[PDB]
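Here you get one chain, nothing else, as structure tokens; it is the form deposited in one PDB entry.
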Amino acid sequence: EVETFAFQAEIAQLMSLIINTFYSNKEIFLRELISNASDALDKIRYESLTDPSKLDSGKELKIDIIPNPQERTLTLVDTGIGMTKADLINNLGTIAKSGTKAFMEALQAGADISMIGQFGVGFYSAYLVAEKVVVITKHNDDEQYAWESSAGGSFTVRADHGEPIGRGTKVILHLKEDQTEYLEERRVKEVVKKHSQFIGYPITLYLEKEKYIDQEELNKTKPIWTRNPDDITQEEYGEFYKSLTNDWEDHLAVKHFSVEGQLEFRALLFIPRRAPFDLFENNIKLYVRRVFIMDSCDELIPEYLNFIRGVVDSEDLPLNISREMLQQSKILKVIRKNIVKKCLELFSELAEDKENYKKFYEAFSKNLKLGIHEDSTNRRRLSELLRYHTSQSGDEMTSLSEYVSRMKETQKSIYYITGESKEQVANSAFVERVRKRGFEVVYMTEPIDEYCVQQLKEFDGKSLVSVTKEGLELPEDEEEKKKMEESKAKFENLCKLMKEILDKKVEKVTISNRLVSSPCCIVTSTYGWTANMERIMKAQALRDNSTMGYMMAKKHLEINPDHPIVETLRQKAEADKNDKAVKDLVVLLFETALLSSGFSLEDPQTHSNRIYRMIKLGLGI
């Protein structure tokens, strides 16, 4: 009844699939060949550990690239283990059969090798470019053989009897007409640097330049992340960073770590000394067994840490058939979690070095505050890295932890004020009273600060209070409260008169507890956008205008009872309930308060015209 069968494969169609569909970019053939060559070396090197006599054929392990435009041939020579005739038929001649994996599983216990080859289809990627491939191999055991093929479903193995190759393999690709750009020095150098830059063995490119053969070592920067982090000095770290980033300045700080368990990977991160000019408009590169896999973009690192330049190297990771992406995206999330944790730890330990942390903060404070805006899980740890200019700080910047340390015994919040400049904020009207009482105020004078404090609601159990927002309530004395209530009862009449005069401009006009020298100030409502925040949002190039009015706040006017102007205005308003002079005066006062508070003016020409008219009245016109 039941008739069992066995799976088969269409060799011609399978070869066509490998040639045409597996690999998107045709330049990766080098990446494969060198990889195979690397493995060819690794094997023999391993066999040299317990038997040095196996290296008598050749004492040197190297890789050579020889472009010959005369015959349009790209040659890749390696002094590796080489392949026997049986190895030629079984390994090269069989698709999906890798000799490297078979060698790897035949190792005793846990050895020190880790070879790239896993799938068995890497070699045929050479036919992405070549129209014919000739592999001249010479193993230590049997004689030198030649393997010729053109991906036509058949290949020929022949005794070579050519010039001896010592030990190893020489792969000659007869490039097709279209893909002749790989004979150029520039293309070969670029490809090798992009893909197989960190191969352990020296890769030498031969060329012809009177007329002599010139040799150039394509890879010279040894991958230092493999070495133990404790052994590496700072000079080696700087050299590696400079070679990696083409930067004359060395690194500012370096975090070299390793994660072991079900997911083993070691990473090396660098903080640049300065910030890139272009910046926001390649940061982290993922390596598997020391060969390039993919370039990180929002996967390994968040957007706000895109200034970190580094490498991630893993011995075992699921890989695409094309060896340029991973199979499981969850692994990328795990890598990101570990990298972010180690980066925050690096920043925290860097905060001890005062001058270095000053440089780092001056460079990447915008990134830190962007992370506070975005990374909700790391807000509590990122906030401790914030440095701000305060009233008690002076020229230097102090952290919020220092603020809490110096915070008065009865103070219950951290008072902050935002503006477009440090001078405007320092001389601003809102902080006039608080500084009189001795409470430290935090100046935040960058556009990213508004985004930072949209999310950073509190810190160290102390809430942030905006001085320029309504409902500010400093601790009060009983006498101060009595005076405030009496002044409110006295000035309610002028307040309602001003409210009547300033219709649809100010929702509420009240006396203020935050003014000591300025006559009046315009203060944003509780939930709406602050003046500075409204200025920032109004200037965004790509943002909906029709929605702005939903988030725009309602202005509140606050008058100072002790300022002479307000008292005189109150007396005039009581004496004359309606008058042209008082109306003009209150309109001008509101205009000045609007200008000083931070708000833009709906028609500044009107205010300027009023000033010009009063100037004319001053000098006579």
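The first residue of the sequence shown is number 1, and the count goes up from there. Between two forms, the rigid core is defined as the largest C-alpha subset superposing within 1.5 Å.
What comes next is about the form deposited in another entry, which is not displayed.
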Report summary line: Looking at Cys521, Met294, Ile199, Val191 between the shown form and the other one with the core superposed, the single C-alpha displaced by 2 Å or more is at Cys521
Query raised in the report: Do you see a C-alpha shift of 2 Å or more at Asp316 between the shown form and the other one, with the core held fixed?
Result: no
Report task. Spell out whether the Cα of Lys220 moves at least 2 Å between the shown form and the other one when the two forms are superposed on their rigid core. Result -> no
Query raised in the report: Rigid core fitted, is the C-alpha displacement of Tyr415 between the shown form and the other one 2 Å or more?
Result: yes
